[PDB]
Amino acid sequence: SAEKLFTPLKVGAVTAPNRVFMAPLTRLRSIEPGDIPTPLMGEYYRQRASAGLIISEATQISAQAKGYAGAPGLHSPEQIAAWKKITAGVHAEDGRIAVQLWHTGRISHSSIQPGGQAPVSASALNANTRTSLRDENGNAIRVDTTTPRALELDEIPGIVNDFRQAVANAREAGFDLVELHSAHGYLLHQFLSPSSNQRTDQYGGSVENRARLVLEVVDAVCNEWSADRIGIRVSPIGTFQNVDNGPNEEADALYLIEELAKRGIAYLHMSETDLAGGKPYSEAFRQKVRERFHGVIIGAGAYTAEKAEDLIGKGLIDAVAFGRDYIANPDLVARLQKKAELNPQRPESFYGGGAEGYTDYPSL
Ligand SMILES: Cc1cc2nc3c(=O)[nH]c(=O)nc-3n(C[C@H](O)[C@H](O)[C@H](O)COP(=O)(O)O)c2cc1C
Ligand SMILES: C[C@]12C=CC(=O)C=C1CC[C@@H]1[C@@H]2C(=O)C[C@@]2(C)[C@H]1CC[C@]2(O)/C(O)=C/O
């Protein structure tokens with residue numbers, strides 16, 4: 001029963017009974033055509049309802065936002081109807097669930113874009129990585145990303161509106177909170193990073209300009225619903241999927257965080273490392289972040305329970321989001337509380353497929 005990991009925490013409009021959160025995890029098992037959540041996905045989330053808070057797999061705010069075959073959306077009536085069943089399942093088990101909303105930007109492929117056209121981004125620069133599509137048999141396959149088209153200035157308001165509309169849809173779908181995906185090299189992060197943003201208008205250049213889009217989105221969704229329903233995920237230190245954070249990452253991160261604090265949003269979710277190597281956050285930096293944000297702070301990235309307890313005990317973060325351990329342990333909370341062994345992970349089934357390696361992992 002660790003120490004503080006199993007104590008309640010007020011997270012915006014809801015109250016988590018523990019600080020063991022389920023990180024957003026793309027599993028690519030949605031129905032196509034339609035990018036529709038499935039009953040299987042509903043079962044998967046229901047099995048993990050004991051989490052202090054479940055943060056859903058990244059979900060499209062629009063069809064244009066799609067970058068992976070199998071990722072769900074929250075823009076169509078069918079998607080809203082399917083998500084409604086999933087959130088109800090989680091609530092039936094007394095859990096809480098937030099929907100992570102994204103626009104993949106340049107991490108996409110023309111074959112899954114509307115009209116088969118090139119994807120969009122801050123600038124016309126290829127992501128230089130491989131996204132996941134589906135072959136003729138419906139199996140996940142890695143394919144090089146398509147070079148994007150730079151969004152025209154007059155197209156930006158539309159992007160902001162898509163985020164706003166998706167949040168309105170999330171409210172109807174029964175989600176408890178929404179998490180804006182402003183990390184890991186996706187659209188919002190593409191604007192935030194100098195490496196992927198070479199714009200010469202007000203959306204490029206200074207950190208103020210680079211953060212303009214994400215802050216416009218934050219304001220739009222706070223106005224649409226309520227600030228205490230809004231969370232945001234950032235990965236401001238280091239490099240993620242080829243997108244770094246510039247030569248002044250620390251200062252730029254604090255600027256963004258101070259701006260986010262002004263909106264009084266529910267939480268700040270910090271993704272500290274990418275799947276590969278990554279420089280550890282200094283306690284000094286954590287302190288700088290803590291004193292600038294007055295909401296819940298969630299730490300994530302190869303966390304150990306011990307590390308979570310250490311940082312929560314030091315008053316630097318409030319909760320921890322576990323990714324892969326949640327894939328393999330539906331009842332991770334109980335296991336960590338009883339200090340029980342965990343099920344082994346099967347990475348081969350992280351993406352695509354069906355029930356195997358998804359609803360496959362037993363609870364105690
Ligand atoms: C299979 C897989 C899918 C992921 N999908 C997402 C996602 O959709 N959105 C996101 O922000 N991060 C995503 N991540 C990152 C996780 O949220 C988490 O931060 C990461 O797994 C590192 O923590 P861990 O060591 O506890 O797994 C993904 C990671 C994995 C392994
Ligand atoms: C975890 C991840 C990272 C951050 C995020 O927000 C969402 C995801 C889900 C998809 C993952 C992605 C990666 O880290 C890169 C992967 C693993 C991709 C699927 C195929 C992939 O693009 C890879 O094979 C390219 O090398």
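Laboratory data are not the source of any read-out in this text; all were calculated from the coordinates shown. So basically every Cβ, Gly included, is an ideal-geometry build from the backbone, and we count neighbours across all protein chains shown.
For this structure, a couple of remarks:
- Taking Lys and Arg as +1 and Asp and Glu as -1, the other residues whose beta-carbon sits under 13 Å from that of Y255 total -1.
- Of the residues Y281, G95, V120, the one whose Cα sits farthest toward the positive end of the charge dipole of the chain, with +1 on the Cβ of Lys and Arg and -1 on the Cβ of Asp and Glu, is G95.
- Taking a ≥ b ≥ c as the square roots of the eigenvalues of the alpha carbon gyration tensor, region 81-223 is oblate, as a/c is not under 1.5 and a/b does not beat b/c.
- Karplus (6.51, -1.76, 1.60) ³J(HN,Hα), θ = phi - 60°, over region 41-54, in Hz, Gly and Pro reported as x: 5, x, 5, 4, 5, 4, 4, 10, 4, 7, 4, x, 7, 9
- Summarising the strand pairing of the chain, around 25 percent of its internal DSSP beta bridges are antiparallel.
- Placed amide H near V11: partners under 5 Å, 5+ positions off or other chain: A16
- Gyration tensor verdict on region 270-318 (Cα atoms; rounded if a/c is under 1.5, prolate if a/b is larger than b/c, oblate otherwise): prolate
- Local net charge near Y45, Cβ-Cβ under 12 Å (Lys/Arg +1, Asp/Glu -1): +3
- Close amide H contacts of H103 (hydrogens built in the peptide plane, cut-off under 5 Å, sequence separation of 5 or more or a different chain): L187, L188.
- Cα centroid separation, region 255-291 to region 186-228: 16 Å.
- Each residue of region 279-294 was assigned a 3J(HN,Hα) from its phi angle through the Karplus expression (A = 6.51, B = -1.76, C = 1.60, θ = phi - 60°), giving 5, x, 5, 7, 4, 5, 5, 4, 5, 5, 5, 3, 6, 9, 10, 9 Hz with x at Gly and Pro.
- Contour minus Cα-Cα distance for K338 and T304 (0.36 nm per residue): 10.7 nm
- Under the simplified labelling scheme, the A124-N161 pair shows an inter-label distance of 2.6 nm, with each label point 7 Å from Cα along Cα→Cβ.
- Dipole in debye (nearest 20) - the chain, about Cα centre, beta carbon charges: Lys, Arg +1; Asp, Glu -1: 460
- Protection proxy ranking, peptides 138-144, 65-71, average beta carbon neighbours within 10 Å, highest first: 65-71, 138-144
- Farthest toward the positive end of the dipole of region 152-240, out of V178, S226, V207, is the Cα of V207, where the dipole comes from beta carbon charges about the Cα centre.
- Across the options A81, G295, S62, the greatest Cα extent toward the positive end of the charge dipole of the chain (unit charges at beta carbon of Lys, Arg, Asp, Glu) belongs to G295.
- Potential lengthening between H91 and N209 on full extension [0.36 nm per residue; Cα-Cα distance subtracted]: 38.5 nm
- Count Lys and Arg as plus one, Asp and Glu as minus one, and take only other residues whose Cβ is under 15 Å from that of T146; the net charge is then +4.
- Theoretical FRET efficiency, 1/(1+(r/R0)^6), r = Cβ-Cβ of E356 and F285, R0 35 Å, to 0.05: 0.30
- With N the number of residues in the chain, Rg(Cα) / (2.2 N^0.38 Å) evaluates to 0.92.
- For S182, distant residues with modelled amide H under 5 Å away: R233
- Segment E3-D201, length gained on full extension (0.36 nm per residue, minus Cα span): 66.3 nm
- Computed magnitude of the charge dipole of region 247-323 (debye, nearest 20; Cβ of K, R +1, Cβ of D, E -1): 180
- Zone of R346's modelled label, taken as backbone nitrogen in region 113-154 under 18 Å from a point 7 Å along Cα→Cβ: 139-140
- Cα shape, region 185-292, gyration tensor, a/c 1.5 rule: oblate
- For the pair region 111-173 and region 1-64, the centres of their Cα atoms are 22 angstrom apart.
- Computed over the chain: relative contact order in percent, which uses C-alpha pairs under 8 Å that are six or more apart: 18
- Our coupling estimate for region 347-364, obtained by passing each phi through the Karplus curve with A = 6.51, B = -1.76, C = 1.60 and θ = phi - 60°, is x, 4, 9, 5, 10, x, x, x, 4, 5, x, 10, 10, 6, 7, x, 8, 4 Hz, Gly and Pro reported as x.
- With the highest mean first, a sort of the peptides 229-242, 181-194, 113-126 on other beta-carbon atoms found within 10 angstrom per residue produces 181-194, 229-242, 113-126.
- Dipole in debye (nearest 20) - region 1-129, about Cα centre, beta carbon charges: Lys, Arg +1; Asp, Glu -1: 240
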